[PDB]
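Single-structure report; data block below.
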Amino acid sequence: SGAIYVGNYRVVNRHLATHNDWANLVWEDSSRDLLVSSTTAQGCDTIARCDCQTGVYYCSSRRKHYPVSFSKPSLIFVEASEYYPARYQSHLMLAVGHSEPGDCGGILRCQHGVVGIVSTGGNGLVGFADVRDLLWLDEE
Ligand SMILES: Cc1cc(C)c(Nc2ccn(C)n2)c(C)c1
Ligand SMILES: [Zn+2]
């Protein structure tokens with residue numbers, strides 16, 4: 001589990017969104033595994049606006065933050081899980097790292113701010129849903 005709290009927005013994995021998230025929906029995209037809902041309080045996370053390929057992510061199944069190198073956001077085939085059938089997921093970045101289903105929501109960050117959240121995993125790989133192209137998170 002985990003979310004990004006920026007301005008009056010809450011960014012979560014779409015497959016982990018709650019009824020309150022759907023009842024206060026701002027935007028959702030199944031192909032990206034992302035859902036954004038509105039919040040009453042303002043959040044403290046800052047979104048990175050950059051092309052970094054090195055950063056650090058939080059892995060709840062190890063209670064540790066790991067430094068990683070990660071690929072550029074791309075269209076990647078992801079195998080079937082309990083949340084999605086086998087399909088192409090867009091704006092996804094991969095790194096070598098430990099991940100379990102419950103690690104989804106962990107933040108990946110670089111020197112500029114939050115880059116994305118854990119969304120996929122298995123066999124020593126971890127995939128992150130990018131949020132750096134969602135410029136509207138910084139306003140309104
Ligand atoms: C972060 C994360 C997410 C998921 C859903 C998974 N399990 C599975 C099982 C089959 N897939 C394709 N994925 C793992 C290991 C890690
Ligand atoms: Zn950066």
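Within each chain, counting starts at residue 1; across the structure tokens, chains are named A, B, ... in the order shown, with ligands numbered 1 upward in that order.
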
Original post:
Contacts of residue 91 (chain A) at 7 Å or less, counting only C-alpha atoms, minus same-chain residues fewer than 6 places along, as number ranges by chain?
Top reply: A: 32, 73-75, 129-130

Subject >> 12 Å contact set for region 58-65 of chain A, only C-alpha atoms, chain neighbours under 2 positions out, as a PyMOL selection string >> reply: chain A and resi 1-3+55-56+67-68+97-109+114+116-119+121+126-128

Write a file of the just-selected residues containing C-alpha atoms, as a compact mmCIF listing (two decimals), in the first residue's frame.
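The new file again19.txt reads:
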# COMPACT_ATOMS: atom_id res chain seq x y z
CA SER A 1 0.00 0.00 0.00
CA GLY A 2 1.00 3.67 -0.28
CA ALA A 3 0.11 6.97 -1.91
CA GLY A 55 16.73 6.98 -7.53
CA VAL A 56 15.58 5.20 -4.37
CA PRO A 67 18.92 2.75 -4.50
CA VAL A 68 18.13 1.61 -8.07
CA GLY A 97 14.84 -5.08 -6.93
CA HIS A 98 12.69 -7.02 -4.55
CA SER A 99 8.94 -6.65 -4.79
CA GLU A 100 5.79 -8.51 -3.50
CA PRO A 101 2.15 -7.55 -4.28
CA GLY A 102 1.77 -5.56 -1.05
CA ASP A 103 4.79 -3.38 -1.97
CA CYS A 104 2.55 -1.51 -4.51
CA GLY A 105 2.28 2.15 -3.51
CA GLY A 106 5.88 2.48 -2.29
CA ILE A 107 7.44 5.71 -3.56
CA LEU A 108 10.37 5.88 -6.04
CA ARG A 109 12.17 9.28 -5.71
CA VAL A 114 8.72 11.82 -6.40
CA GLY A 116 6.40 7.25 -9.28
CA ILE A 117 5.04 4.34 -7.23
CA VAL A 118 5.59 0.58 -7.20
CA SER A 119 3.03 -1.10 -9.52
CA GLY A 121 6.97 -7.11 -9.69
CA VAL A 126 10.18 -4.16 -9.64
CA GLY A 127 8.09 -1.91 -11.96
CA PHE A 128 7.09 1.71 -11.16

Helix (DSSP H, G or I) residues, from DSSP on the backbone, in chain A, as an mmCIF file with C-alpha atoms, in the first residue's frame:
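Output saved as part08.cif:
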data_model
loop_
_atom_site.group_PDB
_atom_site.id
_atom_site.type_symbol
_atom_site.label_atom_id
_atom_site.label_comp_id
_atom_site.auth_asym_id
_atom_site.auth_seq_id
_atom_site.Cartn_x
_atom_site.Cartn_y
_atom_site.Cartn_z
ATOM 1 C CA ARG A 14 -5.844 2.035 -9.397
ATOM 2 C CA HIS A 15 -6.073 -1.611 -8.249
ATOM 3 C CA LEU A 16 -5.842 -0.508 -4.562
ATOM 4 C CA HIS A 19 -14.621 3.535 -2.280
ATOM 5 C CA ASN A 20 -13.726 7.043 -0.962
ATOM 6 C CA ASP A 21 -11.134 7.391 -3.796
ATOM 7 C CA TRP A 22 -13.766 6.481 -6.447
ATOM 8 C CA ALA A 23 -16.354 8.816 -4.788
ATOM 9 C CA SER A 30 -6.254 1.341 -16.095
ATOM 10 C CA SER A 31 -3.442 0.982 -18.678
ATOM 11 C CA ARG A 32 -1.126 2.899 -16.223
ATOM 12 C CA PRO A 101 2.150 -7.546 -4.283
ATOM 13 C CA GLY A 102 1.770 -5.564 -1.049
ATOM 14 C CA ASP A 103 4.795 -3.384 -1.965
ATOM 15 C CA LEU A 135 2.030 18.249 -14.920
ATOM 16 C CA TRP A 136 -1.491 19.081 -13.640
ATOM 17 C CA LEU A 137 -0.610 17.516 -10.249
ATOM 18 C CA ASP A 138 1.334 20.801 -9.516
#

**OP:** Could you tell me which of A:52, A:94, A:125, A:17 comes closest to ligand 2 if we count only C-alpha atoms and all ligand atoms?
**Re:**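 Nearest candidate to ligand 2 out of A:52, A:94, A:125, A:17: A:52.
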
Subject >> Selected residue, from A:87, A:112, A:10, A:49, that lies nearest to ligand 1 when counting only C-alpha atoms and all ligand atoms >> reply: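 Answer, going by the shortest atom-to-atom distance: A:87.
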
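Shortest atom-to-atom contact with ligand 1 among A:82, A:140, A:28, A:45: A:82, counting only C-alpha atoms and all ligand atoms.
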